[PDB]
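Below is one structure, written out as structure tokens, with a few remarks after it.
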There are 2 protein chains.
Amino acid sequence: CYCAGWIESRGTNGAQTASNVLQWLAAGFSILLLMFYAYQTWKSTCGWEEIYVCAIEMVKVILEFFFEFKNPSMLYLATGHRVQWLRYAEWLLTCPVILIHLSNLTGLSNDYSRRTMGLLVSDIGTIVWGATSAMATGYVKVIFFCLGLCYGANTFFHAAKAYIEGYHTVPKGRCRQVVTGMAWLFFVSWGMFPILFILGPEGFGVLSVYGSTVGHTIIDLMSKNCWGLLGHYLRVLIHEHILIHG
Amino acid sequence: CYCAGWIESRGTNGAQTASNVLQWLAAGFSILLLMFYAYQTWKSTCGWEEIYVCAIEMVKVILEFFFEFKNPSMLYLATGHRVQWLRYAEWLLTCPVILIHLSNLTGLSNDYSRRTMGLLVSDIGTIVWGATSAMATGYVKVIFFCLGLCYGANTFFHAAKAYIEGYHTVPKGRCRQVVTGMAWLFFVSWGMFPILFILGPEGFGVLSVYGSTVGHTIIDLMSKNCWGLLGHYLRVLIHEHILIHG
Ligand SMILES: CCCCCCCC/C=C/CCCCCCCC(=O)O[C@@H](COC(=O)CCCCCCCCCCCCCCCCC)COP(=O)(O)OCCN
Ligand SMILES: CCCCCCCC/C=C/CCCCCCCC(=O)O[C@@H](COC(=O)CCCCCCCCCCCCCCCCC)COP(=O)(O)OCCN
């Protein structure tokens, strides 16, 4: 198997250095957040969503530092396109959990509405179509990217509805500022996901593998570590409000 | 890109014929079920889960008859392993919806418990690990298959709990026989999914591409078309019971 499109070049030895540094920073942040969540589960209240997302992010970052360009994480394909399977697998593992966290922002409701079901179905669909577009190499890539755009538009509409509902159910004060910050982080990072797809090697080859890895690491820290930490803080504030007033 | 493991052989020209015949049968069954579900949505009650699963199955069967060995549906990989991406993408699209149907068997409850959330997370994880094992080529394949086995064991435990809960909430009579048949179909087909993985080219190369396609088509008809039709019949019986008694 030669396929000269496999060797190519992943970066410029400076994007590689930035990617390694950001991977170390993400690993450290995920590890520290995991110890913090373990301590909180021991003492305070803690949700399973943030812990699961942090654990998956830590595992993904370790595998990205070690074997990002190896077969399970990087599919090389007969078309000459190196597909970052690790990215989309981690998306499938985390983003549904992030939206399960988005529903029931206040970690108090035990049940989930059908809007959550539509959210999850649309998100799984949009990640599936994004992966297929990454592996689709051509006009099929454009078709599957547009399918993912439609699914992600539905996902964004449902997520915006969930964010408005959370903003209104949450107590007035610090809680709504935390909800607004969560919404900002969520929408910016989840809208940079398709932007990075377009700019990355999976779309127009502008960002290269290492630059795309750098950008995806940054918005991965934003969308999962920082967003999960803000969700945990929102849950802590809600628990305090329930203890005092409720 | 030569990679002599890509050409190989997909079947014996009889497994190919059986695969084509079963694809035509699945396409016809999905089309007829789609007209039936459209008629039911027009006249009777009909759930979105069965319609969505049938539509995805019809699209998947069309793409399997036409471009099953083409790049978007078949990733060829630098390792020489032809990965059936269409299979795992369709799994990610349907199986979560099948489990959303498994929760709320009686199409009456608007809310979903955290057990449904765990079901969906475990199922997405098990499909992700199955895809990674299909692309992982070696001891990494075994490791990811075992990870998928753990996730699918959790999924099966939660699905069994959901089936017992549905069997007990459903009215006594035809409804519980339909629930039992749904449970039998679900567990047999979803347990043949890893059996077919083991026997297929993604595991031990015993079934070949065409034989694996034949088996997956059969248990795809069982797990999605027949199971969805039985779920629709259960919902129809429950609606009749509500109309008469409830
Ligand atoms: C994740 C995997 C990525 C895969 C990569 C490849 C796939 C490509 C697709 C990925 C994503 C593609 C999406 C692009 C299309 C998005 C267009 C879209 O649907 O836009 C969505 C929203 O998404 C956005 O990003 C636009 C931002 C607007 C929403 C921000 C505020 C709402 C929530 C904030 C709550 C805090 C304040 C609440 C009240 C404040 C005071 C009362 C439209 O809602 P909506 O707006 O109509 O809501 C109902 C409300 N009228
Ligand atoms: C889908 C994508 C496939 C990916 C392929 C590669 C990934 C490989 C993994 C895929 C699947 C891997 C699973 C293999 C290992 C799973 C074994 C396992 O976990 O087994 C699970 C599930 O067991 C079964 O598979 C069969 C369940 C028996 C039926 C029970 C529910 C039906 C109820 C309906 C009618 C019954 C009447 C109810 C009451 C009657 C009156 C009292 C253990 O629950 P459980 O049994 O302890 O429950 C709690 C009950 N005590």
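Every chain in the structure tokens has a letter given in the order shown (A, B, ...), and although residue numbers restart at 1 in each chain, ligands are simply numbered from 1 in the order shown.
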- Query: Can you tell me which residues sit at most 9 Å away from ligand 2, counting only C-alpha atoms and all ligand atoms, written as a ChimeraX atom specification?
  - Reply: /B:88,91-92,95,123-124,126-131,133-134,144-168,176-177,179-184,187-198
- Query: Could you list, as JSON, numbers by chain, every residue of chain A that has an atom within 7 Å of an atom of chain B, counting only C-alpha atoms?
  - Reply: {"A": [1, 2, 3, 71, 72, 75, 76, 77, 78, 89, 92, 93, 110, 111, 112, 113, 114, 124, 125, 128, 132, 135, 136]}
Using N, CA, C and O atoms, can you write the selected residues to a file as a compact mmCIF listing (two decimals), in the first residue's frame?
# COMPACT_ATOMS: atom_id res chain seq x y z
N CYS A 1 0.83 -1.20 0.00
CA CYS A 1 0.00 0.00 0.00
C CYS A 1 0.86 1.26 0.00
O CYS A 1 1.40 1.64 1.04
N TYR A 2 1.01 1.89 -1.17
CA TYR A 2 1.86 3.07 -1.28
C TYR A 2 1.01 4.31 -1.14
O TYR A 2 1.15 5.04 -0.14
N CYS A 3 0.10 4.60 -2.07
CA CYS A 3 -0.85 5.71 -1.99
C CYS A 3 -0.20 7.02 -1.56
O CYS A 3 -0.42 7.47 -0.43
N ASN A 71 -3.20 3.98 12.69
CA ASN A 71 -4.39 3.52 11.98
C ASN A 71 -5.71 3.71 12.73
O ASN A 71 -6.66 4.25 12.15
N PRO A 72 -5.84 3.28 14.00
CA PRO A 72 -7.14 3.46 14.66
C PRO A 72 -7.57 4.91 14.77
O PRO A 72 -8.76 5.21 14.64
N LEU A 75 -7.39 7.05 9.84
CA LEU A 75 -7.66 6.17 8.71
C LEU A 75 -7.06 6.81 7.46
O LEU A 75 -7.28 8.00 7.21
N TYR A 76 -6.32 6.03 6.68
CA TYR A 76 -5.56 6.63 5.59
C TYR A 76 -6.29 6.54 4.26
O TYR A 76 -6.07 7.38 3.38
N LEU A 77 -7.14 5.53 4.08
CA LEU A 77 -8.10 5.47 2.98
C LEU A 77 -7.45 5.26 1.61
O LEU A 77 -6.36 5.77 1.35
N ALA A 78 -8.13 4.52 0.73
CA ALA A 78 -7.63 4.33 -0.63
C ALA A 78 -7.68 5.62 -1.44
O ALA A 78 -7.03 5.69 -2.49
N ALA A 89 -14.96 9.83 16.51
CA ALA A 89 -15.34 8.89 17.56
C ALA A 89 -15.50 9.61 18.89
O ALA A 89 -16.46 9.37 19.63
N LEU A 92 -18.73 11.54 18.77
CA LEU A 92 -19.86 10.66 19.04
C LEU A 92 -19.95 10.27 20.50
O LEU A 92 -21.06 10.08 21.01
N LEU A 93 -18.82 10.14 21.19
CA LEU A 93 -18.82 9.80 22.61
C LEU A 93 -19.19 10.96 23.52
O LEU A 93 -19.85 10.75 24.54
N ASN A 110 -35.33 14.47 36.87
CA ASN A 110 -34.95 13.10 36.56
C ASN A 110 -35.37 12.67 35.16
O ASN A 110 -34.77 11.75 34.60
N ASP A 111 -36.37 13.33 34.59
CA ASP A 111 -36.90 12.94 33.29
C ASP A 111 -36.37 13.85 32.19
O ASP A 111 -35.86 14.95 32.43
N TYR A 112 -36.50 13.38 30.95
CA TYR A 112 -36.05 14.09 29.77
C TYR A 112 -37.16 14.10 28.73
O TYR A 112 -37.80 13.08 28.48
N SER A 113 -37.39 15.26 28.12
CA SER A 113 -38.49 15.44 27.19
C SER A 113 -38.11 14.86 25.82
O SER A 113 -36.99 14.40 25.60
N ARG A 114 -39.07 14.89 24.88
CA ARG A 114 -38.80 14.45 23.52
C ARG A 114 -37.91 15.42 22.76
O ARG A 114 -37.29 15.03 21.77
N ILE A 124 -26.26 13.01 16.70
CA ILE A 124 -25.66 11.79 16.19
C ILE A 124 -25.65 11.81 14.67
O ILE A 124 -24.65 11.44 14.03
N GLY A 125 -26.75 12.25 14.06
CA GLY A 125 -26.80 12.34 12.62
C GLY A 125 -25.77 13.30 12.06
O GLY A 125 -25.11 13.01 11.06
N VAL A 128 -22.37 11.79 12.26
CA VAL A 128 -22.26 10.72 11.27
C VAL A 128 -22.02 11.31 9.88
O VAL A 128 -21.16 10.84 9.13
N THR A 132 -18.77 10.97 7.47
CA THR A 132 -18.92 10.50 6.10
C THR A 132 -18.37 11.51 5.11
O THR A 132 -17.77 11.14 4.10
N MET A 135 -14.68 11.21 5.01
CA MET A 135 -14.24 10.06 4.23
C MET A 135 -14.78 10.03 2.81
O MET A 135 -14.55 9.04 2.10
N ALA A 136 -15.49 11.07 2.36
CA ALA A 136 -16.29 10.93 1.14
C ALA A 136 -15.58 11.45 -0.11
O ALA A 136 -15.97 11.10 -1.22
- Extract the full set of helix (DSSP H, G or I) residues from segment 11-192 of chain A according to DSSP on the backbone, and format it as a PyMOL selection string. chain A and resi 15-42+48-67+85-102+114-134+139-169+174-192
- Message: Please identify the strand (DSSP E) residues within segment 62-209 of chain B (assignment by DSSP from backbone atoms) and present them as a PyMOL selection string.
- Response: chain B and resi 74-75+83-84
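Here the question is which of A:23, A:169, A:13, A:30 gets nearest to ligand 1 using only C-alpha atoms and all ligand atoms, and that residue is A:169.
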- Name the closest residue to ligand 1 among the candidates A:228, A:200, A:246, A:47; distances are taken between atoms, counting only C-alpha atoms and all ligand atoms. A:200
- Task: Find the residues near residue 227 of chain B: any atom within 10 Å, counting only C-alpha atoms, skip ones fewer than 3 places away on the same chain, and give them as a ChimeraX atom specification.
- Result: /B:50,98,178,181-186,189,220-224,230-233
- Note on the structure: Counting only C-alpha atoms and all ligand atoms, the residue among A:33, A:143, A:7, A:26 that lies closest to ligand 1 is A:143
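Atom CA of residue 69 of chain B to atom CA of residue 219 of chain B spans 20.1 Å [interatomic distance, one decimal].
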